[PDB]
Amino acid sequence: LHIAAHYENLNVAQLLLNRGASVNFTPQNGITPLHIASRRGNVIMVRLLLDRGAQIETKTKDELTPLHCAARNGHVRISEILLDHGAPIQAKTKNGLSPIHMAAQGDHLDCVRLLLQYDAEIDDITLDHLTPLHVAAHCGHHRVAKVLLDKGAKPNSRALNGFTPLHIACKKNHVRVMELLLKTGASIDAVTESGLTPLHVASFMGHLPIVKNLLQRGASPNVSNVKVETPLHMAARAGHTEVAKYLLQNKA
Amino acid sequence: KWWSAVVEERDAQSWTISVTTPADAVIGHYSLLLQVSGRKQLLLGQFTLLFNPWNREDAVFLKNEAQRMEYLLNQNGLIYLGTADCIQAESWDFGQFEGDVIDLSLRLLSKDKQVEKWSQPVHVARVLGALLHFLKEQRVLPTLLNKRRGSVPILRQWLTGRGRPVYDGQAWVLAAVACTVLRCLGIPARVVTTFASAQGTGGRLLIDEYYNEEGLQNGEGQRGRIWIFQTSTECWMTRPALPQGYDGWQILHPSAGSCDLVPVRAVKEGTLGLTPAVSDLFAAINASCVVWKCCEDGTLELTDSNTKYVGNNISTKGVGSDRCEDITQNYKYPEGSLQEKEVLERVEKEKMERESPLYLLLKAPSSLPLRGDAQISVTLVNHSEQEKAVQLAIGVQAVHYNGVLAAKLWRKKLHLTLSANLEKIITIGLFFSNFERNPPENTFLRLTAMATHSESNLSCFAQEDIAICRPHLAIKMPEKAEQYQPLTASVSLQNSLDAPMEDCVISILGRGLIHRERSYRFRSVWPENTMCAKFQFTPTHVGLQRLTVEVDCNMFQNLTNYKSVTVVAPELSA
Amino acid sequence: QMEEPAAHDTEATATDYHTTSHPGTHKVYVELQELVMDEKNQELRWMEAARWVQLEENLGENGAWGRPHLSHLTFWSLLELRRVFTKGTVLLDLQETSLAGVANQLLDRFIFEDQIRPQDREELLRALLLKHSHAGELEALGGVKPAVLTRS
Amino acid sequence: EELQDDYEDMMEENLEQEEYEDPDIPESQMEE
């Protein structure tokens with residue numbers, strides 16, 4: 001039945017279920033046929049398994065529900081079918097990931113839209129206190145970030161180490177996420193627990209466009225860390241000559 | 001697995017015969033003949049053979065049943081138009097299972113004389129794409145005029161010369177027509193819209209845009225332009241003649257001619273050389289825009305402009321819904337990421353081997369209501385120690401979807417002084433009533449801002465594309481409906497314009513709901529009033545049907561909205 | 001619950017529904033059916049009255065088909081036929097495979113052309129979907145008299 | 001070819017058990 005669900009072989013799946021196959025057979029890894037059909041985007045298999053009594057809330061070894069598998073691969077119709085059958089939209093994995101986190105991780109815009117329409121928590125946090133906006137900033141998905149910010153996600157959410165989505169976008173050279181966050185009221189001078197500004201992070205990583213845009217929008221280059229360390233200190237330490245040159249040409 | 005026949009059931013007077021065809025059979029019209037020894041050939045009948053996405057061994061095999069119905073069986077499609085920040089979904093009747101479409105497609109394919117290659121989906125798709133592009137070039141006229149009824153009447157007009165011709169304002173229908181033909185022949189296909197597409201570069205990653213000192217463009221445009229949107233046909237098949245790993249979605253890219261099938265993965269990874277058209281498709285969604293200021297003296301000065309991103313919000317209809325699916329991640333890596341950096345560097349290396357104190361920030365709404373009102377914000381920051389005397393030029397121009405300018409609408413000239421190291425925000429009202437002329441239909445607004453200061457020789461520039469928002473056509477209909485029973489749909493329209501709606505026509509259609517279409521006249525709607533109108537019709541076809549409503553008036557034309565209804569078979573009785 | 005729009009005569013889109021397929025050459029069989037009533041149950045039904053294969057055959061009040069003959073027409077027959085065809089409602093290339101599907105689409109088009117009132121649709125739909133009996137059942141039905149449809 | 005999917009190792013690779021696990025939540029700490 002697991003193989004039939006993987007390949008969406010409807011006929012042999014119906015035969016197996018009519019000959020007494022367990023629609024809810026959980027192996028040691030916890031991967032039921034419903035998990036497989038939801039992961040593979042097999043809409044008709046998902047409907048068949050749900051009709052034969054597949055459980056909607058079964059967790060894998062890492063506590064993934066079928067909705068987690070559907071949202072991870074951006075299967076909107078499957079996610080809607082599971083939600084209409086009672087799948088918990090706020091179920092969490094071992095790392096505290098809700099399905100909206102999985103959909104944001106995969107740049108699955110329409111899955112994020114559908115989850116938000118079904119009352120998913122837009123500011124749900126993982127164990128590392130990562131919001132879906134944090135995930136979208138980490139992966140560089142500016143479209144997901146636009147959908148989240150337009151729906152009211154907090155642009156200044158703090159992770160465990162005090163990182164905002166702006167900090168994470170500046171770390172990973174995601175300039176579109178950066179402009180989107182700064183367009184929707186993200187603090188350009190927010191500091192982490194270590195006192196790192198977005199300019200600090202960008203100067204340490206050597207992302208020239210981020211540094212240029214941050215200084216053009218009015219970020220002070222003379223901010224200091226917990227140790228008295230300016231962005232010019234970070235640029236010198238990492239040997240980013242161009243970033244340091246643009247800093248020195250500015251008011252650093 | 002080849003041609004074969006076996007008798008399954010038999011009485012004394014008849015044989016029930018099961019006939020197979022090979023998974024790589026030549027498609028088209030077939031004659032079936034029976035040879036009995038001591039007897040001459042007898043024609044049993046005629047049948048048409050098609051590609052089979054349901055068969056594992058077929059080159060067009062689709063893994064998912066839902067994908068099979070969406071990409072081959074669904075005749076009710078959605079073509080996404082508008083801008084990247086305001087996407088408008090227009091209901092489109094692919095109509096690939098209309099009675100004459102299969103004959104028209106096979107007759108068009110008969111122009112290719114390599115009939116032995118008709119068993120190959122790649123060859124059939126290539127030939128049909130080239131022929132349909134040639135027909136589009138021959139039949140689409142230079143610029144109701146834009147009223148559309150799906151791909152089938154367009155195909156009929158292109159093939160026979162009879163019917164309503166399509167005009168160049170809707171040249172994007174080529175993708176939908178190609179999708180219809182491919183779906184009718186059994187090749188799974190979908191229409192893909194790419195917003196901000198850099199067309200006509202010839203593989204170059206640079207786009208030159210030219211603006212005068214008012215922030216407006218004089219000439220009709222360059223050869224290389226960033227189109228507001230471009231449609232394309234994607235088709236699903238294996239690629240036996242390519243290196244392993246390129247099975248899946250293929251882009252049909254005609255070249256002025258001949259057509260090429262490009263795997264989407266090749267575009268994403270910058271595999272320039274796998275097919276001849278990889279370079280052009282890659283440049284369409286990876287080019288960088290360079291803005292030039294055209295002075296009255298004749299100097300062509302370089303401009304400090306905002307980054308104009310290309311290849312945005314690559315969109316197609318979702319599987320099993322009327323929702324919009326974003327597939328940009330199939331075509332590009334995230335901006336500023338490591339993988340995008342590697343792909344860009346490799347492409348630059350291949351092409352090379354083969355061959356300021358002011359900062360402007362422009363905020364605009366994604367859409368401007370028709371005859372409506374909007375606010376735009378210009379942020380100017382001074383990085384100099386001296387206060388700056390700056391001339392801010394604001395320009396609004398009408399542009400067609402293919403980047404060709406239509407009409408200069410508005411211009412504004414501000415003269416401002418900023419204190420040293422002081423941000424200043426200038427809010428400007430963008431009003432329809434201020435336009436020197438009404439924008440042409442199916443055009444978009446090119447908003448520009450140009451800040452020039454003293455004699456620094458460099459000017460700050462920003463641009464945005466603004467869609468025109470029309471009043472929402474609200475359709476209220478039950479989600480489910482019983483076959484052969486009356487079903488009522490109510491349509492609401494709020495007149496948010498500054499003038500009455502006159503000569504008001506409402507048209508309803510939909511396959512399996514209404515035979516052809518019915519056009520009605522409703523009363524004139526004064527400003528801030530609401531049209532409410534009900535239509536009674538009986539669905540006669542079981543399944544997921546779609547009702548399409550179109551409203552025309554003196555203020556706007558071809559305003560279309562849709563709503564889906566599931567028609568169920570009547571309850572079993574005696 | 002406010003407004004019902006009025007039908008607009010418009011042919012700007014009529015050519016978009018014109019098929020390119022040449023129809024086949026087919027011989028025609030014609031059957032004429034009349035709305036009638038039976039002795040046994042007083043139930044309204046459609047009854048075979050005449051058929052055209054090569055000539056015209058008419059069904060008598062015995063259950064037996066009459067002598068084949070050439071189809072003569074009355075002068076008034078062609079006069080009123082032209083009048084009703086001038087204002088007639090035509091559904092061409094109608095995609096229907098059931099009588100109920102045909103009848104519903106025809107009655108909807110009847111209302112759109114203002115040929116019938118919206119109050120007449122239910123009575124006409126009930127009439128068109130009555131039982132369609134044939135000549136063999138005439139003897140078993142206890143006979144047939146002509147009948148007239150009434151709004152009741 | 002055309003029969004590799006009949007073997008347990010190839011079927012295991014096709015079913016992709018790693019796609020049903022929570023891989024990691026990477027932080028990539030800036031300091032060292």
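Residues numbered from 1 in each chain as written, not as in the entry; some residues may be left out. Chains lettered and ligands numbered in written order. Part of a larger assembly, values for the part shown. Heavy atoms only, no water. Residues with missing side-chain atoms left out of burial classes, pairs and counts.

As named in the PDB entry, chain C is Band 3 anion transport protein, taken from Homo sapiens. Here the PDB entry's recorded title is "Consensus refinement of human erythrocyte ankyrin-1 complex (Composite map)".

Going by what the PDB entry lists, chain B is known as Protein 4.2 and is assigned to Homo sapiens. Annotation of chain B in UniProt includes, under Subunit (literature references left out), the sentence "Component of the ankyrin-1 complex in the erythrocyte, composed of ANK1, RHCE, RHAG, SLC4A1, EPB42, GYPA, GYPB and AQP1. Interacts with SLC4A1 (via the cytoplasmic domain); this interaction is mediated by the SLC4A1 Band 3-I dimer. Interacts with ANK1 (via ANK 1-13 repeats). Interacts with AQP1 (via the C-terminal)." Checking UniProt for chain B, the heading Sequence similarities contains the comment "Belongs to the transglutaminase superfamily. Transglutaminase family." (UniProt positions renumbered as here; feature names shortened; annotations may be inferred.)

A.B. asks: Got a minute to help me understand the domain arrangement of chain B in this structure?
C.D. replies: In many reports, interface size means the accessible area that the parts give up when they come together. Assigned domains of chain B: these are domain 1 (65-355), domain 2 (358-469) and domain 3 (473-568). The C-alpha-based centres of domain 2 of chain B and domain 3 of chain B are spaced at 38 Å. (Domains from an automatic or database assignment.)

A.B. asks: Whenever I open this one, the pattern of salt bridges confuses me. Can you help?
C.D. replies: Once their charged atoms are close, side chains differing in charge can pair, the charge on each being opposite to the other. Tallying each qualifying case throughout the model produces 49 salt bridges over all chains. Taking the shortest distance from any N to any O, the salt bridge between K61(A) and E21(D) comes out at 2.8 Å. Here the residue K61(A) occupies a position in the loop between α4 (43-51) and α5 (66-72), and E21(D) occupies one in the segment after α1 (8-15), the pair thus bridging two chains. On the accessibility criterion, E21(D) (28% relative accessible area) is partly exposed. Note that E209(B) is salt-bridged to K308(B), the shortest N-O span being 2.8 Å. Note on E209(B): relative accessible area 7%, which makes it buried. The class for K308(B) is buried, based on a relative accessible area of 13%. Linked by salt bridges that have partners in common, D93(B), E98(B), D100(B), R156(B) and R511(B) make up one network. (Salt bridge = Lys/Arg side-chain N within 4 Å of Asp/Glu carboxyl O. Helix = DSSP H or I, 4+ residues; strand = E, 2+ residues; numbered from the N terminus. Buried < 20%, exposed > 50% of the residue type's maximum accessible area, 1.4 Å probe, protein only.)

A.B. asks: What exactly am I supposed to notice about the interface of chain A and chain D here?
C.D. replies: Counting from both sides, the interface comprises 26 residues of chain A and, opposite them, 17 residues of chain D. Counting only elements with at least two residues in the side of chain A that touches chain D, the list comes to α1 (2-7), α3 (33-39), α5 and α13 (198-205) of chain A. (Contact = heavy atoms within 4.5 Å.)

A.B. asks: How should I be thinking about the arrangement of the chains in this particular structure?
C.D. replies: Out of 3 pairs of chains that touch, the pair holding the most contacts is chains B and C. Note that chain B does not reach chain D: the shortest distance linking a C-alpha of one to a C-alpha of the other is 10 Å.

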